[PDB]
Amino acid sequence: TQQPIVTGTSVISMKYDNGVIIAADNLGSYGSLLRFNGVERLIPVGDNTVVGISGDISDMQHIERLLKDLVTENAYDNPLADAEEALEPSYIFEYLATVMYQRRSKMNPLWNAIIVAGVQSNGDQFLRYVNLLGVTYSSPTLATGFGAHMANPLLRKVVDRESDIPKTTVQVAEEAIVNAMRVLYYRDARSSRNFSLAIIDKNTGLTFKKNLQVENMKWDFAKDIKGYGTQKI
Amino acid sequence: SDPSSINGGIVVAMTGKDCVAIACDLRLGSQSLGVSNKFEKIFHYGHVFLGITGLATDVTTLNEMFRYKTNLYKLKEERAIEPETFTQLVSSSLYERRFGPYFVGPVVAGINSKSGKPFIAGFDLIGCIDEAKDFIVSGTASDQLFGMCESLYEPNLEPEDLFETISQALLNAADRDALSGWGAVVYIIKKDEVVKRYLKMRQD
Amino acid sequence: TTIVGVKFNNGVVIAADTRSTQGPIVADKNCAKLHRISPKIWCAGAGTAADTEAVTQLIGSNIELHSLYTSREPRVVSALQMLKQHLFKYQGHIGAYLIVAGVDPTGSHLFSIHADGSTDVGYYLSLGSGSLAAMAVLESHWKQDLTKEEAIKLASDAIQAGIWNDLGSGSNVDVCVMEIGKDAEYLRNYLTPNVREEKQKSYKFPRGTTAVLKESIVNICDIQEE
Amino acid sequence: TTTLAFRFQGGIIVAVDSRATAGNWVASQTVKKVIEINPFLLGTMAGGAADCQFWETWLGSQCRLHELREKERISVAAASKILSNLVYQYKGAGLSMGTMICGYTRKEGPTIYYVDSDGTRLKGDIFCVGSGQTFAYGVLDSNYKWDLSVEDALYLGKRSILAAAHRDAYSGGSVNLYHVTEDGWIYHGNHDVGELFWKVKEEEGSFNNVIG
Amino acid sequence: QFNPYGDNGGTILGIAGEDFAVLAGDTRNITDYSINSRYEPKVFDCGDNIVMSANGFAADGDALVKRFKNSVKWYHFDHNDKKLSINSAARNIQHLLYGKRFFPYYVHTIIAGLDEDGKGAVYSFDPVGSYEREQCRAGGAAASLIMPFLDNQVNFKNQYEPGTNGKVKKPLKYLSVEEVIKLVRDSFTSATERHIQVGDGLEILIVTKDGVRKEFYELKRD
Amino acid sequence: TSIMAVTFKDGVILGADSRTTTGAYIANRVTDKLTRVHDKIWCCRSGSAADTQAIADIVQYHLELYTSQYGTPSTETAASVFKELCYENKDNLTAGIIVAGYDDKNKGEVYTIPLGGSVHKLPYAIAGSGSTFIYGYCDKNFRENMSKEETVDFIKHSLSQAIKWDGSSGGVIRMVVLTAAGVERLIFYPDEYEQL
Amino acid sequence: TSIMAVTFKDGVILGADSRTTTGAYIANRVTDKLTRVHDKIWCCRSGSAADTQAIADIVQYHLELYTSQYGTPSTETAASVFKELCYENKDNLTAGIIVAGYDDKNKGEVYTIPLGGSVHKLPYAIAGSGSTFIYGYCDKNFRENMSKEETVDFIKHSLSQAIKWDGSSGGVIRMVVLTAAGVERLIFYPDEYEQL
Amino acid sequence: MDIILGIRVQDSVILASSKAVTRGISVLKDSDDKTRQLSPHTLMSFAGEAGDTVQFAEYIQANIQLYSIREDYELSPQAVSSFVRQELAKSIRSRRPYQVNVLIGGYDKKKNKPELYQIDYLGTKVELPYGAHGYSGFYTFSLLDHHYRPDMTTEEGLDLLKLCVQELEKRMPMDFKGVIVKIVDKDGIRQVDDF
Amino acid sequence: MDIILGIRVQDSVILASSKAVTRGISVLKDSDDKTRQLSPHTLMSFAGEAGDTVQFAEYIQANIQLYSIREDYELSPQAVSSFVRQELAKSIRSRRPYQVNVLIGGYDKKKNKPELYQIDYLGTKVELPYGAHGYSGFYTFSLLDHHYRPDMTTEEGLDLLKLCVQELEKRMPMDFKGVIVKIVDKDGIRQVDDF
Ligand SMILES: [Mg+2]
Ligand SMILES: [Mg+2]
Ligand SMILES: [Mg+2]
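As structure tokens, this is what we get:
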């Protein structure tokens, strides 16, 4: 048992017709102090998987090293390491889920909520969540912490059931994700303006966008707002 | 220690065609100990019926209180109180004890004598009004009653059909609650006759 | 509960879902969370249902008496001030979280108020367990210069977010529109996206199914003549 | 819960109720609170359901191994003591058990040991355990004789569970009856308390307080 | 202070037919007032004609189901591909649960299948492994909303024959699989109306001598 | 909250962020924390929104009644009324208020009233959770008798930093200018102040 | 504590105050919080003195043994050894450490290790209770590739402010310069830095 | 105070009440009468917190004696029991509530019926053929449920009570030093001085 | 388990121990023998936490029976009481300590003397003319302090005990269902089967 110290906020994600999108801001908070501003919380594994992590950053860095070490290990005595016997998203997720549940069972959790996003060998989209309790679930949209409350409802308007996935293009999905990140920036006090976004497409592979910003913000109406009830000036 | 489940008991009420039905079990206990099998929880003031579940001293006290208030109401207004009005009086009275409440779940049932409309309503311990078309549930087996009513109920049942439905909803809900049972009564209420039937049920 | 308020061109609109819960149980599937304070001042309430109802009627009563005393139509800032000073005095123990809106001689107004008596001003607001689902929609689709039709749509879209995504909210959407120079139109069950499907079976019983010990005619009549 | 067991001329009667609750909510009315350890030994279930089930079927295994190794039926004294010694090892960890280990052997005669999760092991003639125990004791204490016929003893046990099921909110459902002879136990049926109450009221003239 | 348990909601229901068995469960997965997933399956085919659901804390539920499936796998290796009977499965699961008596799997488990005479069978477990064979059992969030209904509409409790006035019970006639599915759907539809954690979808696994079949129905998503 | 008030050559300027918070949720991102208790006596509010609003409403009432009887109150008088409320009710309030006003004899004045209800007259003051991060900056960059533009820049830059580091603070930067020339409201949006 | 480390054109400088505290009592007013784990890899210590000393002593042992076997360790390697200790023993440590070193290939480098035992490579870092008050100042005044004198001034001015506001900090300002030219110790007394 | 019992037979009400008074570690008394005559045909037994029991009993007694004088008339047992319920229900929301449980046994001379009322400290009232407070009912109710008849004689009631007290003496951990038994019928209140 | 007494007279040791066993609310048994014979001329009575009492008593009994066989010889009461003290003193700093108090009454055949040893769960040992554990001494020690003589006969000891038990039956709140009395002298251990 510990308490999280340096933390990362929401990770949000969804399926579209040919793949998955996942996104997370570049902030490492220290309570209400916005301490660290260049923190990458999306970690690609191979070129078919991206692992998005929220919660304690020291524990994130530990998981990050487990994943790098996993790639090394898979290559050993493996002539098909960059082919049929490469690491799948489903393999990477199950390994993490195993670790998370074991760690909660020893009363010493990795204080995180993790989303694993990717595309399988056969082109099927993979999207699954696991957290500090070893709880796991899948859904056409997934989000952690704050994102579960504000991003999910927006992303669910785009993809509301399984049948909506073939109907959703990468442009529409990216637009929805980018818009959700703006909303989270308006409303979550532990969010930052800067974020990373990654698309794992079954045709175009893995696109990983760094240094994105929330833009097209509506603030103008602020000037018309005076007092808290009766004040006119 | 939780006042609303020291004594146990349940009340359910339903609407049908030109009639309402209100029913209750007869148990009073001190937790595990059954104490009385004749503790009726439905009272009436003129043609307005009031069932009350919860802490038994408050049940008794509130009946005595609404008898007091409806009696004075009648003397001044020169007419019997209607269900809609009584519902508001119950709500008012409970909220007046907002920070030291009576630990009860009251249920009102009756037919408006002018319009002929059948009426039911439920309250939380602090006066909030639930005015439902279909049914109202209250007491330590309220979850079970919600389950029964939600599938058993259909609208516009004839008095003697409604009787079977409300009786079955009560009985089977009581049999899945340790603190309810030990007898049961069902009131079938029409505009100018009210029939009260005691049910035969298991006594454990 | 999900409640919202949205300003438009010539007035203000409020909406709300219709679910009230006792813990995980739905007590009422069609609850009325839109309250009239005066003919053209309505407020949506979340929190403790008895508190939102009671505090709304008390202030409503006093507003009526005030209106009669001053020979003027009541203003929203009066309802706001009376509500907040009452709620503040009770230091949050009266669990009423309200979106207060209306039209009066001064114009159209939209406020919200927390149980501790803190207030705010805005063109769009939301409160309750579904407020985050709703606000996400408001922050996504709100713009300046909404028409009446656009605001009703936005408001009920925000209530739908709550209905679908928040377990504390569900069933139907109620709306009330307060436009300058017109009667307020309270639109009870403006939407009905949750009708229960037909059951597989009828559970109507054969008569005589239930065991009975005694019957008696209960005398509801007063004492009789002759 | 109400469970009893008593010694008499004809062996041992064991009688239990059938109810299980999670707070006020009645989870089941069809729980088998008599554990058939083996064809000659019975145990009752009070306190922890799993603790009683798990460790008393475990006990059956230890009893089987004993008579394979010793070529002789295990004594009730020895069988009960295996269970009590086991639970005593776990003392403090949070086991919950109140049970009567019942058997009829050649050397001992009919024997009941009350065994308990904080280590108590008591030989006795009459034992009642559970939330309804006080009610069952009352009927037992005023009608018990060593010279009860097997038929009357079976009824007394049934009637005592009935008394508890009526008054105790946490006892009810049905009564399960067993007669323990030297040649083994004999099951004497499941008796719904609903139907049993009305039958007993009529035939006995008891429960005048209740309208039927 | 770290709390190793959570509550993912959900409601499940198992009914033993004369020569079949059903195990139903909703597909909604929740934490507090949020929906994690509208379709997260909860009832599983475990091989040897056994279906299983471990409801409550999903992490513990998943771990148990995984371990039981694995138990079946090794039963085959160790006992010459012998078929694991439902009663044997039940006893095995007791030992799985009780093995964690002092740090329990926070779940209410139900399994279903056929016994060795081909009769329908359901078994129910508490978190630490006490278990009963049962005809009819709901578990999880809306269990209390469902069981009293089933008592009345499956076992005909409190129903008597018209005319006899209480002297003659409504007789306990035998139910078909289509008749049972009707009661399951009405059970979950009613539960959906009144319990906030029940909804989204209903998935039913049916077990006959011919194997394991699936049926799925939408539920209200509010 | 990040709030501050700064005296300069022609009077005083008040400044604030616009974030109201219930835990991590931003309940209001366009809050007005600069409140008017008299024509040219304003305050900055930090702490409980309920408490600071209730206090300001009462102070406004006292100063309106003061005015009717004795004419325009001094900024010192306004600060004293605030203090009386904050000091006598210290056990039930969470309020850190900066009072700022413009007299014609006394010119610009600033009084800060921290949690305990003490009063402190200063050339400038900073308060709210965000203030902690700009004690260094503000102490190094404040001089007396700045011009209107220099003072606007000081506040803009200061609150920009406070907002940058304090997650509780954010939104727009509001300012209120108090001089002989009247009362001027100012607003600065994220894209202006963030890049500073 | 007020501690910081700053990379510049010729390498890196570490800086610290000299106050050790047991409650309000200053247990040591001339503490050396700049500690050497290798010839040109040093650290700044904040948190429990017992914990940070024990950690530094162990790290120095590991890097001495590393050196004997594999030659001079990188600054990154030193930071990793610190992290391993701080991360694996997070439940029993109160230690916020800044690691700073000079390679010839990598030049000046700075790694900060906060309470949880995470690692963060930065151009400069600040930590200790006093750091909170200079987030604004340091963010506004740091540029990359400063000269030795500009960097000495930056640290002097920064820690001066941190000391001014944080009662936990105080005493002398110690600095350690790490370049190709060797290792230089610096000290600045109250009368110099207070008046800045 | 510990055990108090009541039973209503054909034509009388019988109250039995334990004689022991315990101050923690020692039994201070073994002949304590836990009863007060409210009117010539109404008796009230009591048990609960030390001091409050007698204070409450005597307070009620004074009020009923006052009523009797003012109206020159004896209140019915139902009326007395309602007054007593109200006083306890009043008290339960007080600053310091009476922790007292009572049985009221009266013979109604108007209806010629014996009546037994059970009222706990919350003001929870119930008319009964037989009753008890605390743990007493747990041991005795199964015997009374078996043997009780509405048409029992006073001596059949005493025999059933004798059996009830024997079960208590067998299975209760506490030595309550026997019971004082009192009978309430058409001729008033008398004490059975041997039990 | 509640009351256990010991008295050492001229030529024997007498142990009296209550017969009741209570599981919270009910008396489960009224004929429980709270004693174990350790050797032909040594008896140990015990009281304390449920389960631990018998577990401890039987453990000691086995160890002494083992010693007797190995050496073909009976340990002196002093020796047995020292072994027992050590085991309790061992246990008091254990993970889960034995909550057991004991009286050891033996006749030393070498010195031809009766001996009574009092040992509490902490392993606090004391040789005494008479002794008790728990609350028993509080009621009885003033009688024993008055009437006890070193040269009493076995029957004078039993009469003094009869008086001690009567005081307990008068003033103790708990019904302990009488005592079983056992005598330890030169001829071994026997039970007084009427008390
Ligand atoms: Mg019962
Ligand atoms: Mg919903
Ligand atoms: Mg200092």
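For the record, the sequence lines run as chains M, W, V, K, L, b, N, X and J. Residue 23 in the entry's author numbering sits at position 23 of the first sequence, with consecutive numbering throughout. Residue 127 in the entry's author numbering sits at position 127 of the second sequence, with consecutive numbering throughout. Residue 155 in the entry's author numbering sits at position 155 of the third sequence, with consecutive numbering throughout. Residue 130 in the entry's author numbering sits at position 130 of the fourth sequence, with consecutive numbering throughout. Residue 82 in the entry's author numbering sits at position 82 of the fifth sequence, with consecutive numbering throughout. Residue 191 in the entry's author numbering sits at position 191 of the sixth sequence, with consecutive numbering throughout. Residue 113 in the entry's author numbering sits at position 113 of the seventh sequence, with consecutive numbering throughout. Residue 114 in the entry's author numbering sits at position 114 of the eighth sequence, with consecutive numbering throughout. Residue 148 in the entry's author numbering sits at position 148 of the ninth sequence, with consecutive numbering throughout. Positions of the beta carbon are idealized from the N, C-alpha and C atoms, including for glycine.
Checklist line | Whole-number beta carbon distance between M/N131 and M/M100, since they are thought to touch under 8 Å | finding: 7 Å
Check: Between the stretch 153 to 168 of chain L and the stretch 21 to 36 of chain K, are three or more C-beta pairs nearer than 8 Å?
Finding: no
Margin query: Can you give me the C-alpha to C-alpha distance between W/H44 and W/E84, rounded to a whole angstrom?
Written below: 14 Å
Next item on the list: Establish whether the CB of N/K156 and some CB of chain b are separated by less than 8 Å.
Entry: no
Check: Taking Cβ-Cβ distances below 7 Å as the criterion, which residues of the stretch 94 to 126 of chain X are in contact with chain W?
Finding: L122, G123, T124, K125 and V126
Check: Among L/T31, L/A143, L/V207 and L/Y123, which residue has its Cα nearest to the Cα of L/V177?
Finding: L/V207
Item checked: Distance, K/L4 Cα to K/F54 Cα -> 20 Å
Checklist line | Straight-line gap, W/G110 to W/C19 (C-alpha atoms, nearest Å) | finding: 8 Å
Check: Should the stretch 176 to 187 of chain N be regarded as contacting the stretch 28 to 42 of chain N, the criterion being three or more beta carbon pairs within less than 8 Å?
Finding: yes
Notebook entry, point to check: How about V/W164: is its Cβ closer than 7 Å to a heavy atom in ligand 2?
Noted result: yes
Margin query: I'd like to know whether the C-beta of J/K182 is nearer than 8 Å to at least one C-beta of chain K.
Written below: no
Item checked: 8 Å CB neighbourhood of W/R202 in its chain, flanking five on each side removed -> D175 and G181
Item checked: DSSP state of V/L98 mapped onto helix, strand, coil -> strand
Margin query: With the cut-off set at 8 Å, would you say X/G137 and X/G6 are in Cβ contact?
Written below: no
Next item on the list: Mark V/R188 as exposed unless 16 or more other C-beta atoms lie within 10 angstroms of its C-beta, in which case mark it buried.
Entry: exposed
Notebook entry, point to check: Is the distance from the Cβ of L/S187 to the Cβ of L/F149 below 8 Å?
Noted result: yes
Notebook entry, point to check: Heavy atom of ligand 1 less than 7 Å from the Cβ of K/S18, yes or no?
Noted result: no
Check: At which residue ranges does the stretch 138 to 188 of chain V contain complete beta strand (DSSP E) runs of 3 or more residues, listed in the order of the chain?
Finding: 173 to 179
Check: What's the C-alpha gap between K/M97 and L/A58?
Finding: 29 Å
Check: W/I52 and W/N63 look like a contact to me (Cβ under 8 Å); what is the Cβ gap, rounded to whole Å?
Finding: 7 Å
Item checked: Within-8 Å CB hit, W/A23 to chain L -> no
Margin query: So the candidates are N/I97, N/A127, N/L85 and N/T77; which of them puts its Cα closest to the Cα of N/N106?
Written below: N/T77
Notebook entry, point to check: Where L/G201 and L/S53 are concerned, what is the direct C-alpha to C-alpha distance, given to the nearest angstrom?
Noted result: 16 Å
Next item on the list: Measure how close the beta-carbons of V/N165 and L/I35 come, nearest whole angstrom, since I'm counting them as under 8 Å.
Entry: 7 Å
Next item on the list: Please report the Cβ distance between X/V181 and X/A16, rounded to the nearest whole angstrom; I am assuming they are in contact, meaning their Cβ atoms lie under 8 Å.
Entry: 5 Å
Next item on the list: Return the CA-CA distance between W/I81 and W/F123, expressed in angstroms with no decimal places.
Entry: 18 Å
Margin query: Can you list, in chain order, the residues of its chain with a C-beta nearer than 7 Å to that of K/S84? Leave out the 5 residues immediately preceding and following it.
Written below: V115, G119 and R121
Notebook entry, point to check: From the beta carbon of K/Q53, is the nearest beta carbon of chain L less than 8 Å away?
Noted result: yes
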